[PDB]
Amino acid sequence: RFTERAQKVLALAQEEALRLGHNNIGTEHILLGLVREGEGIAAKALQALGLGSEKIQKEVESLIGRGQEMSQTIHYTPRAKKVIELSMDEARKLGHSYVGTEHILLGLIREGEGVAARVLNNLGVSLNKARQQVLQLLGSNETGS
């Protein structure tokens, strides 16, 4: 149901929430996981849009701050859960049986709210346009399992 690289993104989302001392796995950690996974279609699409790993790291830490103490427990936020649910819908609508990193990215953009939306807004990203651009990239490339 998830590609191998989508599984890596979900691991890195949790990794980053712990590393930063946060008790939630939110949309901002999903975004960090997408860019830091560094190999999947989402990382390549984010990079094509001028959204690099170090920039996103700086924005999250600036907007939220660090917990100065690695967190003890971590649970997904309601919005992050909705992003993952939307990623399954996005994969379906594109004719994919497996949810890839790009479908998590499209779900995040489609949700269009939460901390990740503020990070993207700080980098001058219009979510509608980014959605259009991601879909243009997927329509230009073979991305099947």
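Note that residue numbering begins at 1 and tracks the sequence as displayed.
Set 83 to 91 against 66 to 74 and average the Cα temperature factors; 66 to 74 ends up higher. Stretch comparison (104 to 112 versus 48 to 56) by mean CA B-factor in the PDB entry places 48 to 56 on top. The PDB entry assigns the greatest CA B-factor among 121, 128, 136, 14 to 128. Placement of the Cα temperature factor of residue 8 within the chain: lowest third of the modelled residues, per the deposited record. Per the deposited record, the Cα B-factor of residue 38 falls in the highest third when ranked against the other modelled residues of its chain.
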